[PDB]
Each structure stands twice: as C-alpha cells, then as structure tokens.
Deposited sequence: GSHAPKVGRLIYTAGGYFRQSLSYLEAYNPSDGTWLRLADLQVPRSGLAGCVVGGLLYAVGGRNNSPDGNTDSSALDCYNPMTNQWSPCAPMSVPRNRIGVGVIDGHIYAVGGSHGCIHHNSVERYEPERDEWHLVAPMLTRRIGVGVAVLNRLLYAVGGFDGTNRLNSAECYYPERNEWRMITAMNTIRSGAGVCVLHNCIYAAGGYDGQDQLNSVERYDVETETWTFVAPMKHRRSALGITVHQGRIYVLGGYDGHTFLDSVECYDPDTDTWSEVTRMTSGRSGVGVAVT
C-alpha cells in the first residue's frame, strides 16, 4: 500500500536514516541512507518521488534531494537560492513551496517554488513575517504558514499565500504560541499539533476552520513534543518523534477525528527529532 516515510533527524547528531512505516501491518522498512545527514528539514511527495528539503547538516542546507521508491536511490536536485534550516514545505499543483527557515541568524521571510519538470527554483512573494520552525499546509490551492519564530518573538499568527495573486494575508491567530509544530490538513481543516510556546513543549492541538475563521482545540496528544514529524494517512494524523524537553521521542501517535482520540500505534527504530515526513 502507501507508506509513511521519515528522512533524517537528530539524536545527538544529524541523522541520515530513511525508514518507512506500513500502517496496514505495523512493519518498519530500512531504505537508502541520505547522502548527507540532516535534521530540521521537511519532506513532501510529488509524482511518486520523495523530496528532502533544507535542514542543517554535519551548517544550514540549501539542498533538495529526490528519492525514488522504485530504485531505492537518492538524487541531487537544484538547490534553493538560500540555506533554510527549520523549513516548512507545501505542494501546490506538483510544485514544492519552501517557506521561511533559517540560515545562521538570518530568519527568512522569503519563499521559493521548485518545479520538478525544470529542476529550477524561483522566488515568489515574501511572507509578511519571518518564520523559522513554521508549519505549512495547503488547503484549497491556498498555502498556509503557521506559527514559528521570527528571531525575536515566538508566534501564534498565521498567514495565507494566494498563488494566483502572488500575495500573503494574515489570518486569525492560533490560541497558542507554537514553533516547531506539526501542521497538516485533514478533512478540510488545518491541524497544528504540539510545538514550543516559549517555556514548554506543548501537547495541545488546535484545528482551524476556514469558514468560521476560528481556531478551536481538540483532544491533546499523549506526549508533549516539538520538532515532530507529521503527515496524514487514510484519514488520520500521524506524529513521529520529536523533543519533549528532556527526551528525543520514538513515539508515533495517531489521531482519529471521528473518535477525536490519540492512540500510540508504534515506535520508531530509535528516538529522534527534526525529521521530515511524507506519504507515498
């Protein structure tokens, strides 16, 4: 079936593991290592290929790498215009948007679009706010950028990028300050799980309802975590690993909306934070 893929991460050092999880049977698979270990990166899928974007290696990375699940092989792509650690990523119409992130102490508000048909990156309109450790979600061909750190403030704001118009507009702020949160879209809402509010790692979780332009809380996860991996598979949310203030988790929790519950459904081969994640 489809698999949940987790690339890179951090446990004492930057990692190059690429493992895949099969929710239809609880199995883990070991795939080809990343050529350079990275954490703080994001994953996404376009046309069957997995992409590892940005992060920080063993200095901050502008790398974009493609993984073919059919050949079990990694291949370099065109690099981004700038290094982007703690990057968020979305896909619109087969094009990868790289949002925010950091290069040393520069906190990006810039955004660039990658086209796989050309192996080219191009800058689009910059966000209204600099954000590293920013969650990114794509709903209704709109790209949403949620939380993060702007270099001075941890943020609870969120903005919205309009591709046809090439512009950003703020939207309603979350109830909670969140950097390094997990953000995805499940059943036409934006979900923001976990994060770091400035003093603690969070386990709260709020979804945004576009119509009501409201953020409302939902059942919190069992393990407070930041810098977690997140994805959606067969109508549920999966959060993977992360840091809870003391430990690098190996926990994988699964949110079911209909029942509004978080189950623990497996554990990673080892505990880690700062993984990129995708499903294909």
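Comparing the deposited sequence with the modelled residues shows gaps at 1-7, 66-70, with numbering starting at 1.
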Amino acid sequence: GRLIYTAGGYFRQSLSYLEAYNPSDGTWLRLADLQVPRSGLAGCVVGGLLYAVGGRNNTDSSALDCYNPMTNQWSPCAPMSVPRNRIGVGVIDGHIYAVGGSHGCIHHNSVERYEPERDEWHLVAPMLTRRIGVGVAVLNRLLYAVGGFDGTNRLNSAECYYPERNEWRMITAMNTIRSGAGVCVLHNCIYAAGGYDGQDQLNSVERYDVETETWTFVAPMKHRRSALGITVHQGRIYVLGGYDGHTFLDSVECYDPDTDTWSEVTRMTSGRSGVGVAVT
From here on, numbers count along this sequence of modelled residues.
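For the pair 83-91 and 149-157, the record assigns the higher mean C-alpha temperature factor to 149-157. For the segment pair 246-254 and 208-216, the entry gives 208-216 the higher mean B-factor, averaged over Cα atoms.
The PDB entry gives the largest Cα B-factor of the residues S62, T231, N68, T59 to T59. Sorting the modelled residues of the chain by their CA temperature factor places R236 in the highest third. The PDB entry assigns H187 a C-alpha temperature factor belonging to the highest third of its chain's modelled residues. Residue-level temperature factors show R225 in the middle third of its chain, judged at the C-alpha atom.
Among the modelled residues of the chain, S273 sits in the middle third by CA temperature factor in this PDB entry. Per the PDB record, residue ranking by Cα B-factor puts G133 in the lowest third of the chain.
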